[PDB]
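1. what's the 3D shape of this:
(6 chains)
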Amino acid sequence: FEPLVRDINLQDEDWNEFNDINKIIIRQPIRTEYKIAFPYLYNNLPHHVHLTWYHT
Amino acid sequence: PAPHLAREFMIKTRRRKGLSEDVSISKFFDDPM
Amino acid sequence: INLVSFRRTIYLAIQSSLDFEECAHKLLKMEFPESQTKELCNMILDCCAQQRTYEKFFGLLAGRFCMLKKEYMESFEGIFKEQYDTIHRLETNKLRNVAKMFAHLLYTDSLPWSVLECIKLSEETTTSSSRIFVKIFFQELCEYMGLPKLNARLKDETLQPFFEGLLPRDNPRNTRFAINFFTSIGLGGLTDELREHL
Amino acid sequence: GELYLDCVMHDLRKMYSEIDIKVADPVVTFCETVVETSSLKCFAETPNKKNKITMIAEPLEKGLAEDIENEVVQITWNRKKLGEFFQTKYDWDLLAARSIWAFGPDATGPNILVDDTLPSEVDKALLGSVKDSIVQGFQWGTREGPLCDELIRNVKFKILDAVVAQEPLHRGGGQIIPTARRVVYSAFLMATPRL
Amino acid sequence: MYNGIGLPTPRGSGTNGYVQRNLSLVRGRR
RNA sequence: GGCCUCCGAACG
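-> Numbering: from 1, shown residues only, chains lettered A, B, ... in the order given. I have put the structure below:
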């Protein structure tokens, strides 16, 4: 589709250091399908999203 | 694959939790004897 | 024909695709069978020495390439053994490139194993190509390879007794000629073992 | 589960309050435990040099840990029922199963507190008067482990050398309660803990 | 934009280079 | 383990 609401880049040095961690837990390489169906897994730009259809 | 993941989970757990590396309780906790 | 076209595409992608570490995706994307693996390693070294100057991209492509699979590092051990049979047959200018690539892979030491044993020819028997190239790769590999840890760690790695010219003690010409050639080549205290043993 | 995190995120942001919120990656809650018994003795002393605490830690049994999760015998029950449950279950001695002082944190976590020693049975007022102090400080120390600051699981504590005070005002709550976690931290350190 | 890599505008530059993982990334990971 | 923007007609 498109970048949608995101323009180019918005970040901060203090916000990235607080949110992320240089030393953290590493198990799986951040599966996108896991964050797709789980809006709480990806906190970036959760605005106007129709999602979360659980199983079948 | 080895306990380095668990010990790294403890060190990173202290760093993210706001605790010092520590890992040595001999001088901090126990008596010198 | 197969090696000529395979060398034409391997040389075409070799002269192209800067930062050959990324070009390994295309080299492995060619999906050459095991029969073309050895010829791809020999022709890969031919393209490595075919340049007008020593290129570290060849050493990186050989480190990741040979470091990929088991038959890869094995092809680097056998291909290095075949490279040790060149000596005077190798070009003068290409000898510095062979010493730069062999010194780069030797600094990592991953793929080569017995290459330290295959080197170190006899006292008075040499083509001066392996002696001069051994001095260039010994000086450069001594600088970038951590010579104190390379010689000190190499003394306990049993690489010296496995090499003919590196053998101290009994043979007087090997230890004495190794002390004169090593000390004359700039090894310094690295020849003290063969000097005291001789 | 992650479903509660999704409904809590969409409920919080999309329902309760609308504001920019950035959450980090989720992680499981770590726990503290002890793989082996503590060989080294715990040497503790009050800041006023009055009371001295000594104890050793040992890993609880599998049936004792699962029974601790099930709560096993009621904490409000008489000590005879506890001695019959530990003696008839873990094959513990009558004096050993009857020496249990207090349970784990919030009477939930698998942490045992008992004092078995020769001089401990000589002075009853020492262990009785010192019960609420050490156990009062051990409850706070049981919630945060010496390493990851997590609840200790299958942690058994047995007091050996307990020095009772001249005057009781010499060693108070500040000379006892925080010192109980230090001895538990030393015993846990010598006990080779495991997450 | 796939996981870890992507170009917001695929029409932005040239054509979408169907990248994979590179026969060398597995060598560096192993 | 995969993802392949491309895409021309006049007038001037």
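
2. close to chain B, is stretch D:167-181?
-> No: Stretch D:167-181 lies out of reach of chain B by CB under 8 Å from any CB of the partner chain, never closer than 8.6 Å. All C-beta atoms are positioned from the backbone trio N, CA, C, and that covers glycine.

3. For that stretch, C-alpha coordinates in PDB please.
-> The C-alpha coordinates for stretch D:167-181 follow below in PDB (Å, rounded to 0.1, in the frame of the first residue of the first chain):
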ATOM      1  CA  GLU D 167      18.800  -6.200  76.700                       C
ATOM      2  CA  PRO D 168      16.100  -6.600  73.900                       C
ATOM      3  CA  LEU D 169      16.600  -2.900  73.000                       C
ATOM      4  CA  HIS D 170      20.200  -3.700  71.800                       C
ATOM      5  CA  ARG D 171      19.100  -5.700  68.800                       C
ATOM      6  CA  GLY D 172      15.700  -4.500  67.400                       C
ATOM      7  CA  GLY D 173      13.800  -4.800  64.100                       C
ATOM      8  CA  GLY D 174      16.600  -2.900  62.300                       C
ATOM      9  CA  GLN D 175      19.300  -5.200  63.700                       C
ATOM     10  CA  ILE D 176      17.400  -8.300  62.800                       C
ATOM     11  CA  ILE D 177      14.900  -8.000  59.900                       C
ATOM     12  CA  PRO D 178      17.300  -6.700  57.300                       C
ATOM     13  CA  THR D 179      20.100  -9.100  58.500                       C
ATOM     14  CA  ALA D 180      17.800 -12.100  57.800                       C
ATOM     15  CA  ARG D 181      17.900 -11.300  54.100                       C
END
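
4. Just give the nearest non-adjacent residue to residue C:60, would you?
-> residue C:21 (5.1 Å; CB to CB, 6 or more residues apart in numbering or on different chains).

5. mind listing what that neighbour touches?
-> Counting by CB atoms under 8 Å, 6 or more residues apart in numbering or on different chains, residue C:21 touches C:57, C:60-61, C:64, E:24.

6. Going by secondary structure, it is in what exactly?
-> helix C:20-29 (DSSP states H and E).

7. Quick check: which element contains the residue in chain D positioned nearest to chain E?
-> Across chain D, the shortest distance to chain E (CB to the nearest CB) belongs to residue D:25, at 13.8 Å. For residue D:25, there is no helix or strand it lies in under DSSP H and E.

8. give me phi/psi at the residue nearest to it when sequence neighbours are not counted?
-> Once flanking residues are discounted, residue D:25 sits nearest to residue A:24: 6.9 Å by CB to CB, 6+ apart. Backbone torsions for residue A:24, taken as degrees, to the nearest 10, come to phi -140, psi -170.

9. Next, the contact list for residue A:24, please.
-> Here residue A:24 is in contact with B:12, B:16, D:25 (CB under 8 Å, 6+ apart).

10. ok, and the closest non-adjacent residue to the residue in chain A that chain B sits nearest to?
-> Residue of chain A nearest chain B, by CB to the nearest CB: residue A:23 (4.6 Å). What sits nearest to residue A:23 in space, not counting adjacent residues and going by CB to CB, 6+ apart, is residue B:12, at 4.6 Å.

11. Pull out the buried positions in whichever strand or helix holds that neighbour.
-> Applying DSSP H and E as the criterion places residue B:12 in helix B:4-17. Using 16 or more other CB atoms under 10 Å in any protein chain shown as the test for burial, helix B:4-17 gives B:9-14.

12. Please list the outside residues in contact with it.
-> Against helix B:4-17 from outside (CB under 8 Å, 6+ apart): A:21, A:23-25, B:19-23, D:30, D:147-149, D:195.

13. Helices along chain A, start to end?
-> A:13-19, A:32-36 (DSSP state H).

14. for residue D:2, phi and psi?
-> phi -70, psi -20.

15. Quick one: residues contacting it.
-> Contacts of residue D:2 (CB under 8 Å, 6+ apart): A:38, A:40-41, D:26.

16. Buried only: go through the residues you listed for me.
-> A:38, A:40-41.

17. Could you single out the nearest of the residues you listed to chain D?
-> residue A:40 (3.8 Å).

18. Contact partners for residue 6?
-> In the absence of a named chain, chain A is used. Contacts of residue A:6 by CB under 8 Å, 6+ apart are A:45, E:8.

19. hm, I was asking about chain D
-> Contacts of residue D:6 (CB under 8 Å, 6+ apart): A:38-40, A:52.

20. and of those residues, the nearest to chain E?
-> Out of those, the member with the shortest distance to chain E (by CB to the nearest CB) is residue A:38, at 13.6 Å.

21. middle-most residue in chain C, spatially?
-> residue C:102 (2.6 Å; CA atoms, centre = their mean).

22. In which helix or strand does that residue reside?
-> Short version: residue C:102 belongs to helix C:92-108, going by DSSP H and E.

23. quick one: that helix to chain centroid distance?
-> Centroid separation between helix C:92-108 and its chain, computed with CA atoms, centre = their mean, to the nearest Å, is 6 Å.

24. element containing the closest residue to the residue nearest to the centre of chain C other than its chain neighbours, please.
-> Leaving aside its chain neighbours, residue C:102 sits nearest to residue C:137 (5.8 Å; criterion: CB to CB, 6+ apart). Applying DSSP H and E as the criterion places residue C:137 in helix C:129-144.

25. For residue D:109, the count of nearby residues, please.
-> 21 (other CB atoms under 10 Å in any protein chain shown).

26. separation between the closest residue in space to it that isn't next to it in sequence and residue D:17?
-> Among residues not flanking residue D:109 along the chain, residue D:151 sits closest, at 5.2 Å (CB to CB, 6+ apart). Distance, residue D:151 to residue D:17, by CB to CB, to the nearest Å: 32 Å.

27. Likewise for residue D:43?
-> 52 Å.

28. Just want to know which of these two has more residues nearby.
-> Neighbour totals were compared for residue D:43 and residue D:17, and residue D:43 leads with 16 against 8 (other CB under 10 Å).

29. The residue of chain D found nearest chain C - how many residues pack around it?
-> Nearest residue of chain D to chain C: residue D:25, at 29.0 Å (CB to the nearest CB). By other CB under 10 Å, 14 other residues sit near residue D:25.

30. In three-state terms, label the residue nearest to the spatial centre of chain E for me.
-> Nearest residue to the geometric centre of chain E (CA atoms, centre = their mean): residue E:19, 3.9 Å. Three-state assignment for residue E:19 (DSSP: H, G, I helix; E, B strand; the rest coil): coil.

31. shouldn't it be in contact with residue E:6?
-> No: using CB atoms under 8 Å, residue E:19 is not in contact with residue E:6, being 9.7 Å away.

32. of the contacts of helix B:4-17, buried ones?
-> Counted by 16+ other CB under 10 Å, the contacts of helix B:4-17 give D:30, D:147-149, D:195 as buried.

33. Quick one: check the helix or strand containing residue D:133 for contact with chain B.
-> Residue D:133 belongs to helix D:131-143 when elements are defined using DSSP H and E. No: Helix D:131-143 does not reach chain B (CB under 8 Å from any CB); its nearest approach is 10.6 Å.

34. What lies in contact with the helix or strand following that helix?
-> The helix or strand immediately downstream of helix D:131-143 is strand D:152-153, counting by DSSP H and E. For strand D:152-153, the external contacting residues (CB under 8 Å, 6+ apart) are D:31-34, D:65, D:104, D:109-111, D:142, D:145, D:184, D:188.

35. Please identify which of the contacts of residue D:6 is nearest to residue C:30.
-> Relative to residue C:30, the closest of the contacts of residue D:6 is residue A:38; by CB to CB it sits at 39.8 Å.

36. circling back to that earlier point, any chance of the buried ones among the contacts of residue D:2 in JSON lines, plus distance to chain D?
-> Below are the buried ones among the contacts of residue D:2 laid out as JSON lines (distance: CB to the nearest CB, whole Å):
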{"residue": "A:38", "distance to chain D": "6"}
{"residue": "A:40", "distance to chain D": "4"}
{"residue": "A:41", "distance to chain D": "7"}
